[PDB]
Structures are given as structure tokens and as C-alpha cells.
Amino acid sequence: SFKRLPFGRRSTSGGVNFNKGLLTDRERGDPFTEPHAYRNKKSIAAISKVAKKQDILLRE
Amino acid sequence: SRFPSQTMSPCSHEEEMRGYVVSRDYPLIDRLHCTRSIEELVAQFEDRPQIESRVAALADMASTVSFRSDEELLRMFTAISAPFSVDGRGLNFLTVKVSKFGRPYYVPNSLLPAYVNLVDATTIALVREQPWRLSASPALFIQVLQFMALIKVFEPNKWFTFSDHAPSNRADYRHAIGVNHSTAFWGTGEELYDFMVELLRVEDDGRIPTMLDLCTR
Amino acid sequence: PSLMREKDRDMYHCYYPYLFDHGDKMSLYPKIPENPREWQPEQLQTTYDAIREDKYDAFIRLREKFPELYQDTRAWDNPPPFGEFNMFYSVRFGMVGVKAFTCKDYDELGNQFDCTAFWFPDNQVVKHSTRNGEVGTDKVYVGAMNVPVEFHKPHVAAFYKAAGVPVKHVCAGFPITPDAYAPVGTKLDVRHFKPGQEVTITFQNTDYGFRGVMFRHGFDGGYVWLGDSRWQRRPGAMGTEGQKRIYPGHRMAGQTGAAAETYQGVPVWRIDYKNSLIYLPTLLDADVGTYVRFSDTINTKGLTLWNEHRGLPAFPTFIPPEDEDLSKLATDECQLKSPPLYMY
Amino acid sequence: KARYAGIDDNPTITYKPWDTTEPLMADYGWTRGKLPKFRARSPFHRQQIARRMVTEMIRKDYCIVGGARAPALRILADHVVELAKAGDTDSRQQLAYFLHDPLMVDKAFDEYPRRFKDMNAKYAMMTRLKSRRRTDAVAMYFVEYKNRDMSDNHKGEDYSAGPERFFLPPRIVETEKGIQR
Amino acid sequence: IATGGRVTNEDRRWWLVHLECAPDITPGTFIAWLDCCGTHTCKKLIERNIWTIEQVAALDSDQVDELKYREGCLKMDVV
Amino acid sequence: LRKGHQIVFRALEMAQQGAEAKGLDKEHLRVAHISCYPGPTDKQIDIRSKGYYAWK
Amino acid sequence: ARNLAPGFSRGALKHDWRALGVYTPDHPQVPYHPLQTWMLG
Amino acid sequence: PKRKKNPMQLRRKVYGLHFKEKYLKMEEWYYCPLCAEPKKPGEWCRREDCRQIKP
Amino acid sequence: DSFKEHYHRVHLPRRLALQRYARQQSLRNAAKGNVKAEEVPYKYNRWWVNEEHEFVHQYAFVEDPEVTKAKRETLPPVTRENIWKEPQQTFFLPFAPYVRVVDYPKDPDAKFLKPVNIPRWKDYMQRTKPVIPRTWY
Amino acid sequence: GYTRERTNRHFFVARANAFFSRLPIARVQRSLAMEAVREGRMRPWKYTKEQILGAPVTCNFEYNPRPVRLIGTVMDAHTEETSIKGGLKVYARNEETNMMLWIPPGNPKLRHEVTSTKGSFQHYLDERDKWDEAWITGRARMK
Amino acid sequence: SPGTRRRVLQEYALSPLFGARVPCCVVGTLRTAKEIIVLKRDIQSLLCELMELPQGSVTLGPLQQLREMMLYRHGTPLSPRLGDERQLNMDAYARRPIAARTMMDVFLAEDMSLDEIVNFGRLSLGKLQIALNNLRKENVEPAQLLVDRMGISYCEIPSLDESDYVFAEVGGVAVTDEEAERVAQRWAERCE
Amino acid sequence: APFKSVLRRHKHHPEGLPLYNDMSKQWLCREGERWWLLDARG
RNA sequence: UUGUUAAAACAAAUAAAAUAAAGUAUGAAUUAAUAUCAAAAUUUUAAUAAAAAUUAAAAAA
RNA sequence: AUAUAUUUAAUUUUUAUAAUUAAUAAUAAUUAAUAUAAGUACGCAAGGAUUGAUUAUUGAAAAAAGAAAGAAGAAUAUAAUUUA
Ligand SMILES: [Mg+2]
Ligand SMILES: [Zn+2]
């Protein structure tokens, strides 16, 4: 790792930067409420999942 | 009348951790002082010659150099002055050869700072807090003088030079950019040597030689 | 400050009775030459001057008779002894903390502060060091994050053995004045700091590696130019200098981050002396786990930090009382919040 | 910055163990929060490589891979063992979607529960071989499942050397030659 | 909750004060409402025929030890 | 991991076999003089994509 | 802790630190036993 | 402006640390206690013994 | 090596040797059996009035080696309860607050009826430093 | 002339992510949340995203002379349990004025109360469509 | 209503701590929890015989396995307990190696008071210390049985859990002693 | 042909710059060395 | 961001995120007066002067 | 609208530990307006003071000693969350 040494980052802790005060993905829970998630006309995944979720919630 | 908070698992007599003691005010100052005998320290130094054992014994005797006696001090200095020679370099312990820049430079092990701390502790013990031990015992005077001559203290460049054809300047050189900060300009034995020469000049002002009358030809 | 030439230090400018050295005993008259021949032809050797005698006598009488009226004039003699905390001379060593996490708090006025919590695991005064015994050249090394023996390198475990202090992970040196010492092995409780206190912190920001000149300096990196060449302001003659080389300091692409960053004068928000936590309303750039170092701010706005109007520090270092037990004491009981402050 | 895989469909009464991942889709990256991305031609190519690799791993119980493919393969094998321990119909549908061979899907779902009933995590095992690939001078790693001889269709097999032919069954230790597949 | 190791009186008071936020929670609810109750944690209780908060509270020390160490439920002690 | 290292490994193997055949012991063998001097040479031209000649 | 050697500094057999004055309040240590010749070489 | 470089400028590269650590450097090796082969610590063999226990 | 760099590189060991020679005179006293710390003459002339008729105070502080050794060895006393409990003030209160309102004058707009003990606006603005006699805040 | 950007100083490069285990950081978060609850800056909440999403809420921002009241519909809740993080996404419409606020819990000068933990996804969808139509109309009138 | 909401919050805040119990002496062994599973039942009988209480009074809580750590740390409650303590050996420069990795708490009847609990804890601690010393000196009594056949080698007396906190002010309103007594009487009636 | 190595000492180099009073070069004599005192008053 | 149309769509273009384009072996060609080439500033001699002189001191990859 | 030399930006990989020495005055010419300073001197009236503190940018400035062919992660941010 001497040729890459001047460019690549170097760390002793192994690259562990985890803040237990910030908001995590499991705490956010579901991103479909975000505007991008339900108006992302460019992702079949986003469109299909948000449609399925809204239909399931309305049915329930 | 108190009871402990947990059970103490049994242990053999040889595997105990005796020999040290915490300071008086433990809940505020947890300094650890050694109470081992100088004979034990010398036996460890002479039986286990590993560098870690050497530095541990040196630190123990440097912490115990305060309340010991003249005979124990002479014994300690005679046991310490064994691996040193006058022909070779005095206090050189160069182990690592770093050639990061153009020409290489040598980094020693912990034995050099161990010896430096020992000399400093001896200076503090025989100069500042007990200024009469040298004038009282001329044997300890000559012993510490011969030890300080055997380890080349007044030329710390020979501590860091590896080949006599290219002497080192690790101690006498220093630049404000940040090079040679901890290693340059070490006041190792200057104060002790000044105290000794002042003791030898005390005769001219005292009109009668105390040290020179106590010592032998 | 007010300029005061040394030549203006004559007795006609002194606010108190000017006292000449005069050997062992202070006198009110210049030292008369013992050799009479040394007397200069116009030098008027004064042995008794009724003016100065009366002035000094009345001054001493008033000082000894009305202590309440002349209390401020008592600093002319019996100065504060050495060892007590001084407002302009006593600086104390800081501590070594670990950036724990981030949260947000709110003051009573309604302002939101995005704070970061640092953790001070085991602060212990490890070493003292002075170079050749000069003035103001002494400092105290404090160690932190006690570790086992199998962790550190051999050459640093050797130093910790030589010191006798329990082997710490990190060790930072603070330059202090000799009257602020603390014995080797002294535990430093976090209550050493106060909540309404300004602190200067030093850490290492995160590492981004080699980054472009745009990302390094933002908009500043795109345009970099400096010309110290002479140029004609008026068309009278012809003469200039060619900028041959590139001047040092040219903003280019290179290493970004991973440097020693120091914030100066951030106020403390809250202190938890059960888990050894300190909260600062400033969001830092460093990662989680960077050993920050906290030190006391000297002065701000021409005003010293430690004074009677703001408060007295825990000089030299805070020592808890005996009957206090942090184990029995709860977490909610160990909370010290700073007085309110508005910044908008 | 946001992962659409968090948008949950057909939610169960109980929250999933991961609750944020696929968990087969790994979102390869270089920060420690993600998996090491082995060099490919596109993220789709990377996913296809991972799919074929985990399929072959499930098929032949071992895989020798070079470069950063070994940690990715190990974590994906761990996720597959987690799916097998779950044993739900949706989990099986997802594994059949992600894998190339439904026969290997069935083999995994049949053999892995009995195999890893008595284990919590770190089911696979990666061993860095001292021998590097000749064409690239890249390190190689042997990734295999740990519980081979306690309960599995493979048992008492020798992996120190390959068979006489690559279409013959693998070597079998003489101690357990009586077992049948 | 991320207690870890041993449940403390702080976590006890947390659960007590959060019990107010749910008005519909009855002692007969499904075991999934409890905290740290994952799929693998609750399926073992279903195997042992534990469908109720009352039952999972009446669970014995040896039984929860078996559920944690032999079955593989991580936070069964917290549950 | 160097082609030169592989070639000199082959050379060391052959030299050890020859020394054994001559009658020298195996444990006390040491390289005394290893050198290389330029030898033969070949020149190869080749066409590339869209018709460019390259020399090697 | 396969890589971790008890008492040695960073798992190095030639840097024995056990049964010395290394004050360590919270962490334990192992008593001393003289290493063999085949262990060091 | 490019010109032929004297032999001294061709030997300046070996003074830097980049050339020394790349080409000319020895290995720390020992004998695999199960294979009796030279082995670097950290990289193991394919054999069943070397995978279960690390030699 | 610049001119100043070479000058300092060749003079710094000489400066240290000169300081050692200076401390040798101090060690002369402890050598004769009478260990005596260095004495410094306390200067009573440190409060001056400048040319522009304003007060200047010089600060001279001394270091005691015995007190240094005492602070090195003996632990400091227990910190004061009020000192560690009462937080430090954030804003520095002015030397003279302008209240602008006093209940003593019957007509508050009467400028001649306000008591003299209340500080003025001129003091409120100019008094940013302590008075001539008192030096510390 | 020359300067250095990186520092290999041991005290700066050493990390404590391995020793972060002895600090009960989650317990500190819960203690801060409980202190806020006992002071009254926030009130504990236990709802899920789909349950709270679509429930009317009233928020009073205290302000002399008149505290400003605002009745809106909860569009998104960032946290399911009480914490110092919190976060709520409300949408309120005045007379010909729509607005989307992100209310953080724990502000003493801000008292927000959801009128019912139960929510109507139909009304949520209605409010979402109204907000999206207003946003699109604003963008179209701008550009 | 906000008033009644703060009232029910104050009620649940001043409510007595349910499901909380103080342990007498936390026992610890070096074997694994999966091995202690099969012997945990006889531990109750042997502890009853050690405490000289009627059979069936000792209750063992959930078995815990202190998480093994390559980098030891003392402050964690999941840390493996050490055979030595600072109060035991102040003048020792380090601690003795790990003694316990599988732990279990021991409870008496709920009617017994804290003085009886701490007395029984001290008795158990002393008896186990004597038993371990006799084991070391040698290589019938319940202590010797627990030490030999069950592999128990650690006992701890846990400090009182002070993480609990009194509610001096709920919802921004101070708690009066009359209201606290009313809530306490209500909870006592509900328990009755 | 004489040759001075390019790898010379430097002020940033840790080895540092030497003292000619301490050096032992060929062209540096130390036997015939006398000490003179020079007062610069005026 | 701009422009066109209508009461959102299209086309342009860059600056943030994301994707790729090796640390492996194979290996040319432009160029080549040259001292182990003169870091810089000042002054000057027949046109950039890297030609000369005076200060000054410019490490290696 | 050609790969060059000088000059610059970096790097030479945990170094327990900054700088009494190159940045030879100053990061603004040690500021500095501002509500409150003042419905007030000065002005017949109209109108109109000098002025420095809390509101701001004011800490001005370089972290050079230890054994080196994996990913500085055994990688899904836990220094092994039980593990056959
Ligand atoms: Mg290094
Ligand atoms: Zn092998």
C-alpha cells in the first residue's frame, strides 16, 4: 500500500464513523413519504413499490 | 468491619503481584511506587537481559534511588556499568535504521531514555533534595563519577551516531520547523557535574578540605 | 494598550511614593556616592527633604488609619503570595476528550443548538516537563483512555512503565505556569470545566484523500492570481517586471483534511459528571473517536476569562469531596447547564 | 443517498430482522457501511456476477474467487443462510428470484436448516490462499461452509485436490465412504 | 430499546411511561407488540404456544434460558 | 511475483542439480556471483485497431 | 484471541512485559514463565 | 527541450524510497508446520488441514 | 541555511552554556552547605501616570521553588461547593448600567430631580476599564 | 515555500471506537429524552408511521403578544418513539396559503399536539395531492 | 385533555416499580452457558442447602453469558468478571485473570427485607471464598459441591441500582407530597 | 574522478548540520589554536 | 439557467451525486550539445539573455 | 493546436511529547460604525454635538524519532453479540 499511499485515505480505527445520535435508516422507517419516492417517474422500483404500498394502506 | 464486593480467586504465592504500592491518597492519586530490593533489581537485570526487563529494572531503581543507602547505590552502579565499554560509544542503543530521506538516520530503543531518566533521578536525589550525601561519602562520589565517565554523557552525539566516519548531530542540532525537538539539548548530567566541581572548589573558600580529607590518596 | 516609555518612569510620574533601592533598605532618596569624589559638580546630594518626608508620612498615616478608604492602595505593598490563583498569570492545563456523539438542545428563549457531546474516559496527570529549567517553559502531560499492556507499542509501554502512571492510550501536553501543578497520577474530574466557560479545542478533521482544486477551495480555487510586478499607472514611460515563476502558496489540488484543526473560544453547553460528558453547541468536522484536546481560553474582547465578575475557576484542578459517590448518584442528578445566551 | 429498498411491500405482522436491506441486494461501495465493490463494468454487471457466484457457491459448497469478490460472496452466503433459517414462502420466492438455479434454491432450503440450526452468525468461512492467480497476480480466497460433516448432502469429502475429471464426484475421505448422496 | 446486558430501572421507567402512549394495549395482545420481538424471536414463542403478553410474562427462567441459548433468540431476555 | 525471480528460480534449481551431480553438499551452498548481460533480440511489428503499425 | 499473546506487547514474543511494573488497574495480566529456545530461535 | 540524461540522472531514482521498497526487498517467511513449505504469515494453503487450523 | 538560521544554530548551544554558567553561581551557594534560593528585589514603583494623564500598572510575578515543590508533592485542597456548582456568567455586565428610570423623582422627566448615585450615560459608555486605584476587574 | 497538510501525530491519529463500548450512549440519549419529558418541553409518543400519517395536529408557537396557532395534517413522522431526534412533517393551509413545516419536538416555545393518534390515509392522500398541486402551480408560475 | 394527560403521566411516573427485584449474590462460572443449562436446576437445590433456607426459596434469574472480548474493558456490564478486585488487592499492579464468563442472579422471597438480603449475600460470599480456598488447598458441604461438580468460581454482591429517579416535576408542574401520597395510596389499593 | 554525493545533509533532515569545532576533517587543524580576548568598548 | 408553446411539454449547456477506464504482466514513438546544470534577488553587457558580475544559500524520491 | 526543465500543490504510512530560531512591526493600519449614546450643547426658528463599550470580521499565522510486499474492513460501521 505504498504506491497508493499518497492518494488513498488512511485510518487507524478501520473507517468506523458511526454516530448514534444521527437519524438512521431503521429510525426513518419508510422513505415512500418523501416526494422523490412517490414522484420518481424514472425508477420502476420506486413507482411499483409506492403504488403497492398506497393500495395496501387504503385497503387496510 | 467491611465485606468485599466479590470473591477473590485463589492464586499461588509465586504468581502474586507484590512489590509495589499505591500512593497514600488512592481515590485522588493512584501513583504506583516500587518497594523491591536493590538485590532483586540487580538479579532481574542480570538474569533476564531482555530490553524490556532492562528498562523495567532501570525504572524501578530510578524510582527507588531516593531512600536507598550508599552501599546499595554502589551495588546498583556496578551492576549497571557492566555492558558498557570505554572504546565503543557510551550510551548508543541504535536499533531502527530509517532511510526515508536520502541518507539514513538511526532511532534507538527505550534503553537510552531509561538511562537518561535514571541519571536525572539520581541528579534530583543527590543535588536538590539531599546535597550532603556526596560530601559525606567519597566512595559514592567517585562511583557515580566513574559511571558518568563510562557512559559518555557530555557528548550525546555518540549516542546517535552509528559509524564514526559520519558523526551524528541528533542532540546538538535543532530547527524551528519541528525537527529534533524531544531529542536535542538534553540536560542530562550538567547540573550533577556542576555540583561536583563546586564541591571540589568548596575547599578554596573553606580553607580546609572536607571531601579531600575524608577521601584517600 | 496605553503606551508608556521607560524614560517616563521617574518619580514625577509615579502614582505612589517612589522608593529608591539604596542597598538592603528602601529609601526615599537616591544612593549618595560613598566616595565623595564621585559627586558630580551639579549633583545635589539630598539626605533629608521635608517635602518627600511629609508626603510619605501622610500617605502611610492615611493608609494605616483608613483601611476602608485606602483598600485599593494596599497593592503597593504586601503583594499576593505565589501559589494562589492569579487573574493574569495563572493558566491551568486542559483535558483530553473523545468526541462521543451529536444531538440537539433548546434554550429557554427558544433557540435551537446542534450540540456535540465529548467523553472524557480517564484523565490522569501523567508527566511534568521543563526544558533546562527556564521561565514559562514548563508543561504538564495528561494521559487518557487507559488501555491494557498488550495494546501499546513496546517503546511507549516502556515510558508508561518508567512513569508508573497507569498506561493510557493518548497523552497530550499543556503548557502551564508553575503554580498550576498537580502531582503525577492525579485523576481529573470533568467538573474541572464550568458550563459558562469558553474552551479552545484541537482535533483532527476527517480525511477525504486527494481532491480536486475545485472541491478543495470551493469557488476560490478556480481563480488564483497574484501580481507584485510594477505597472504604469500613467502613460509617461515604459517599465514592468515579468512574473517568471509561480509564487509559493498557489492554490492547487492536493491532500484534503486529515489536519490539526483548532476551534478557539466555543462556550460549554452542559456537563454530565457521572458519565464524564461535555456538550458544545458547535458541530465539528472530525469523525467519531477522534481524541480532541480541550484547553482554557486565555481572554476574549480584551477581557480575561477568569475574573470575579464571571466566576473563579477550580484552580488548580477540581477535586471532589469525600462523601460524594457517583455510583449512588443518579444520571439526572449529574447535570450542569450553562446560563442562557442568545446568538443571532 | 436514499435506498428505495426501504419501501416495504406486503409487510408482515413482525418487523424483518434487517428492516432496511434486501438483504441480497448489497449496495456495494467503499465506505465501511457497505460491501467491497469488486471491479465490474456496471452495477448491473456487479449484481449479475454476485448472483452467478452465490449460485455456484450454493451448488458446489465451495468457491475459489480472487480480489474483493470473496467478502461479497461470504456476506451473500451469510444472507442466504439467514433466508434458509427463516424458511418463509416469501423468502423462498425471493431466493428463487435472485438465484439462477431453482434446483439449487431447493437444495439450500432443504439442507441448510439442519446444517446451521446450532449457529448464530458467520456461517461461511473464507481462507486466503498463498497462491495467486497467474494472469493477474491477484490473491485467491477459498470460501466454504463450515458445518460440512455434521449435517449436509456433502459429508466426508476431500477438498485438498480435485477429482480425476471435473465431471466426476469429488474425493471422499476413507472414513466416510459409506455415505450416499 | 438498546439496553444491553442487563435491563435497568431506567428501562423499567421508560416502559412504564410509554405504556400511557398506547391506550388500546390489552394484556391479551399478540406478542409482537413487545420491544425487541423479531420474527425468529416470536416464532419460537409460537412453537412453545405463547400467544399472549400474560403467557410470555409467566415464562419461567429455565424456559427463557432455553429460548435464548438453545433455540437462538437474542433479545428474548429483554422481551 | 516477478518473471526474473521465476527464471532465476529455474536457474537455481538447475545449478543445484548440477552441484549435486558434481558432488557438492546441499546445506552449505551459497550464491557467489550472479550477473546478467544483454543477449539476443527480436523485432516485432503489429497492426492495431483501425490500421496503425506499432513496433516492439 | 488467537493473534493476541497474553502479556506480550502487540503479540511479539521478544517484547515480554508480564510480571513487571506495568501498572494496569482494570486489565489483567499473566504471571511470568521463561520462554523456550525453540519459541524465539 | 527534452534531452538525453546522463548516467547520474538515471541513478537518482534508486535513492528514493519508492524504488527500494518496490523491487529490492526480502520476505519474512517460515516453514508451514503442516506442509513443510515456505509460507508468509497471513496466507494459508488449500489443504484441509491448513483451512481448519491456520499453520 | 539562512543567515539567521546559521546564527541561531551556532549560538543556541552557546546560549545554553551561558545559562549553565549563570546557574553555576547559584549552585556555588548550595555547594558550601548553605542551600539558598535566589532572591529578587520587590519593586514598589509599578503604578505610573503616563504623559496623557492616565493610569498604568506593571505586572511583576515571581516563582518560588519551594512552593513549586509543595504543589508538585502535596495534593490541592477540596474544591469549593459553591465554586463548582454556581455556573460562570456568560455576558459581562457593564461597569455602569444606565437605568433611565428612577422612582425617587416625582416627575421622572425632571432632569434635575434624579439622584446622583445613578451613573450617567457618559460613564455607561466610557467606563469599560476599572478605576485608577482598583486594578483588577 | 513549503508546508505540510497531513499530521501523523499519535495523539491525533489514535481513535477510541474500540473503547466506545463502556459508554452507555443510548442510555444517555434516553436520559436526555426523559429529562425533556419531565421538564415538559416534549411529551412521550408511541405510534407507528402509518398510524400517525394522516392525523390532524394543532401547533401553538408562543409569541408575545399573541401566540400563533396553526392546524395542519401530519404528513410524515420521523420517529416512532420519543427521542431527542424526533421530527414531524405537518402541512397546514390558511386562506389561500399552503405551508409544509418540519416541527422538531422539545422546543419550549412550541407546543404541538396531535388531536388523535389514529389517522385517515384517505385524508392524507387528499392533503398530499393538494400540496403537490400547489407546488406544481407555484413552479409553473415561477418558470 | 392536556391536564388529564399530564395527570395520567404523573400517575404512571409515581407508580411503584413493578417486576423489579434485588439479587442476593450473583454467581459466576468459567464454563459456557450451553453447559450450565443442564446443571442450572441443581444449582437451586445446592444454593438452598447453602443458605439453610427451606427448599424452594432460592430463585435463579435468566442465565447471562458475558460477551468475550479480545480487548478487555472493565466498565461494561457485559465484561467477564475478574478474579481480583482493587479493594481486594490495592497494592497489585494488575488484576488476576478472568474467573467468570457465565453469570446468573439469585433472589430470595419477595417479603424479605434488604438487611436480610445483604446478610445472606455476605454469608454466601464468605462461604464461597472459603470453599475456593479449600479447593486450592486440596486439589460434602453445599459450597464444596458447587465448587467441584458445578464449576462455580465467582460470587459478586451487586450495588443497589441507583439508575432510578424520583419525579420532582412532571410535565412542567411540580409534584406535591399530597399528590404523591394520593398516587401511592391509589396504587396500593390497586395492588390490594 | 572526485564525486560529491547528491544525498547531502539538510536543515530539515533529522541528522542536522555539524559543528566545525567538533568535526575531524583533514583540512581542519586544531593543535596550533590560541585563544585571544578582544574588548569592543568604543 | 435560458428560449418556444399552452392555461405542463420540448431543445441547449455546464457545476454538484453516481457509473467507469488497475498497484498485474507486454511494451513503443515525438525529443535528445552538454558539465552529478547555474534555488532566488540586485546590477549590467549588441535584441527573451538561462552571457557576465554582486548578494544570498538552494536537500532526496 | 505534443509527454519537457525551473517553480509550485501534496505524500514518504500511530512520532506518547508542537513551535524559546526563517514567516524581521500589523490578518486589517489594535478596529469599529451601531440602538442607548441626545427629542440633548450648538442654533431666532428650522433643525442639530463631540463620542466610545454590549449588537460585528478582531486567537492573526508553520504538529518532521522505532523494526512495513493481505482489505489500515476479516468488510452486511459491535474489535469477535452465544457460535458444530
Ligand atoms: Mg510509521
Ligand atoms: Zn500448509
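Observations
- Residue selected from the stretch F:3-55 under the condition surrounded by 10 or more Cβ atoms within 10 Å (Cβ to Cβ) and in a loop (DSSP other than H, G, I, E, B), by the criterion farthest from ligand 2 (Cβ to nearest atom): F:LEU24
- Enumerated helices (runs of 4 or more DSSP H) restricted to the stretch J:1-67, each holding at least 1 residues that are away from RNA strand M (no atom under 16 Å from the Cβ) and more than 26 Å from A:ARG10 (Cβ to Cβ): J:25-39, J:49-52
- Among helices (runs of 4 or more DSSP H) entirely within the stretch E:13-79, having at least 1 residues that are within 14 Å of the chain's Cα centre (by Cα) and under 22 Å from D:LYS85 (Cα atoms) singles out E:39-47, E:61-66.
- Unique residue being farther than 17 Å from B:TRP186 by Cβ and under 17 Å from the mean Cα position of the chain (by Cα) when the list is B:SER81, B:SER99: B:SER81
- Leading residue by the ranking (nearest to C:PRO79 (Cα to Cα)) among those in the stretch I:20-54 that are within 16 Å of RNA strand N (Cβ to nearest atom) and surrounded by fewer than 13 Cβ atoms within 10 Å (Cβ to Cβ): I:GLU54
- Of note, D:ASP27 satisfies the criterion of being under 19 Å from the mean Cα position of the chain (by Cα), over 29 Å from D:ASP149 (Cα atoms) and either within 16 Å of ligand 2 (Cβ to nearest atom) or within 14 Å of chain A (Cβ to nearest Cβ) (or both).
- The stretch C:156-188: number of residues that are at the interface with chain I (Cβ under 9 Å from one of its Cβ atoms), surrounded by fewer than 24 Cβ atoms within 10 Å (Cβ to Cβ) and of a type outside the set (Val, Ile, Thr): 4
Table: residues versus (1) within 16 Å of RNA strand M (Cβ to nearest atom); (2) more than 7 Å from every other protein chain (Cβ to nearest Cβ); (3) assigned to a loop (DSSP other than H, G, I, E, B); (4) crowded, with 19+ Cβ neighbours inside 10 Å.
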position	(1), (2), (3), (4)
G:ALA1	no, no, yes, no
G:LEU4	no, no, yes, no
G:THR24	no, no, yes, yes
G:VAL30	no, no, yes, no
G:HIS33	no, yes, yes, no
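- Candidate set: the stretch A:26-46, residues that are farther than 16 Å from J:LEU125 by Cα and surrounded by fewer than 17 Cβ atoms within 10 Å (Cβ to Cβ); chosen: the one farthest from the other protein chains (Cβ to nearest Cβ): A:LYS41
- Failed criterion for K:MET103 (all others in (1) outside any strand (DSSP E or B); (2) within 27 Å of E:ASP62 (Cβ to Cβ) hold): (1)
- Taken over the stretch J:8-32, residues that are within 13 Å of chain K (Cβ to nearest Cβ) and in contact with a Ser or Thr (Cβ under 6 Å, 6 or more places away or on another chain) amount to 5.
- Matching residues, the stretch E:10-36, being buried (at least 17 other Cβ atoms within 10 Å of the Cβ), within 14 Å of chain J (Cβ to nearest Cβ) and under 24 Å from E:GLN63 (Cα atoms): E:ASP11, E:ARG12, E:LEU34
- The stretch C:163-187, residues that are within 24 Å of J:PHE12 (Cα to Cα) and part of a loop (DSSP other than H, G, I, E, B): C:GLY164, C:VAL165, C:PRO166, C:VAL167, C:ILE176, C:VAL184, C:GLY185
- Counted residues, the stretch K:137-192 - those being aliphatic (A, V, I, L, M), closer than 30 Å to K:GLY126 by Cβ and within 14 Å of another protein chain (Cβ to nearest Cβ): 6
- Within the stretch K:21-49, the set of residues being assigned to a strand (DSSP E or B) and either surrounded by fewer than 20 Cβ atoms within 10 Å (Cβ to Cβ) or touching a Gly at 6+ places or on another chain (Cβ under 8 Å) (or both) comprises K:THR29 only.
- Filtered by the rule that a residue be within 14 Å of chain D (Cβ to nearest Cβ), in a loop (DSSP other than H, G, I, E, B) and within 10 Å of RNA strand N (Cβ to nearest atom), the stretch H:15-55 gives H:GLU27, H:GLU28, H:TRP29, H:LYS40, H:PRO41, H:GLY42, H:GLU43, H:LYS54.
- Residue, farthest from K:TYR165 (Cα to Cα), within the stretch K:1-19, restricted to residues that are of a type in the set (S, T, N, Q) and assigned to a helix (DSSP H, G or I): K:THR4
- Helices (runs of 4 or more DSSP H) wholly inside the stretch I:56-137 that include at least 3 residues being closer than 30 Å to I:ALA37 by Cβ and within 25 Å of the chain's Cα centre (by Cα): I:65-73
- Some residue of the stretch C:224-236 being touching a helix residue (DSSP H, G or I) at 6+ places or on another chain (Cβ under 6 Å) and more than 30 Å from C:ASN299 (Cβ to Cβ): no
- Residue satisfying condition, being within 8 Å of another protein chain (Cβ to nearest Cβ) and either of a type in the set (A, V, I, L, M, F, W, C) or more than 16 Å from RNA strand N (Cβ to nearest atom) (or both), within set L:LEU7, L:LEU28, L:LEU38: L:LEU7
Each row is one residue, and each column tells you yes or no for (1) of a type in the set (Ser, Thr, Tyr); (2) under 23 Å from E:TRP14 (Cα atoms).
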site	(1), (2)
J:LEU70	no, no
J:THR79	yes, yes
J:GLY87	no, yes
J:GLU96	no, no
J:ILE103	no, no
J:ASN107	no, yes
J:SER116	yes, yes
J:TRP135	no, no
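- Selection count where residues are under 25 Å from A:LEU5 (Cβ atoms) and not in a strand (DSSP E or B), scope the stretch C:251-282: 5
- Sub-8 Å Cβ pairs linking a first residue in the stretch I:13-40 that is among the charged types (D, E, K, R) to a second residue that is surrounded by 16 or more Cβ atoms within 10 Å (Cβ to Cβ), at least 6 apart or interchain, are I:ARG20/B:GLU190; I:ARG20/B:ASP194; I:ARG23/B:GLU191; I:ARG23/B:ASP194; I:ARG28/B:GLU198; I:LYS32/B:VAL202; I:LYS36/I:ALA30, ordered by first then second residue.
- Within the stretch I:1-11, restricting attention to residues that are within 9 Å of RNA strand N (Cβ to nearest atom) and within 7 Å of another protein chain (Cβ to nearest Cβ), the residue that is nearest to B:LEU199 (Cα to Cα) is I:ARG9.
- Spans of helices (runs of 4 or more DSSP H) in chain A with at least 2 residues among the β-branched types (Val, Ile, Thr): A:44-59
- Filter pass, C:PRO248 being surrounded by fewer than 13 Cβ atoms within 10 Å (Cβ to Cβ) and either more than 16 Å from RNA strand N (Cβ to nearest atom) or in a loop (DSSP other than H, G, I, E, B) (or both): yes
- Residues in the stretch K:144-172 that are loosely packed, with under 13 Cβ neighbours inside 10 Å, under 13 Å from J:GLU35 (Cα atoms) and among the hydrophobic types (A, V, I, L, M, F, W, C): K:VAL166, K:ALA168.
Quick note: the coordinates plus some simple rules give every number you see, no bench work behind them. When we count neighbours, we look across all protein chains shown, and the Cβ atoms used for this are built from the backbone with ideal geometry, even at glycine.
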